[PDB]
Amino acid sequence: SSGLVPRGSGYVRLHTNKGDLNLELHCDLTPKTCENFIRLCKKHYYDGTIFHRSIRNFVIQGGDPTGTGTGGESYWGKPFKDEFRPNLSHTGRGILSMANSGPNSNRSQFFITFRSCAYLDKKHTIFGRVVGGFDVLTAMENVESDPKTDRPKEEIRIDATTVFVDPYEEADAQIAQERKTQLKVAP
């Protein structure tokens, strides 16, 4: 079927109330997952959303516009496939991966790791990593959470998201051009 092939890695800044986090996305390796996250960011899907789950030395998770822990939708509506890759593992701090409810059930929620966690490999799609704002990630980790719910006690919030490198531009441009041409001369 029709698809949108990325060209290179993507880059997204999360403007949080604790400062700015820069993410590098492995779009060539995880094209569906990168496309989902980029298109959701571009349409302001994450504006005002919180990190609803924070576990020290483990992960911090957000991307749920309902704030409940179980909400959100992919860009396309339906839950979409995992994209596990042998050269992407949860090794080191700041790995960016998708939350899910079982195999091939990705929607909008994502997490960032605080340390290596091999157990997560081949369970959650890794699609990027933090490359800037490590001090901000630390500040986030340091916010106390309710031990019963893992919800941060003071709100950690994404105010805005800037996609500063969108690797789908060339794909989108070809499709838009071809559609425009077809409408103009072969309706």
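Residue numbers run from 1 along the displayed sequence.
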query	finding
Of 34-42 and 144-152, the one with larger mean CA B-factor	144-152
Residue range whose averaged C-alpha B-factor is higher in the record, 122-130 or 153-161	153-161
Record-listed C-alpha B factor of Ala139: chain third	highest
Assigned third (lowest, middle, highest) for the C-alpha B factor of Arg13	lowest
Record-listed C-alpha B factor of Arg56: chain third	highest
Position of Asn87 among the chain's modelled residues by C-alpha B-factor, lowest, middle or highest third	highest
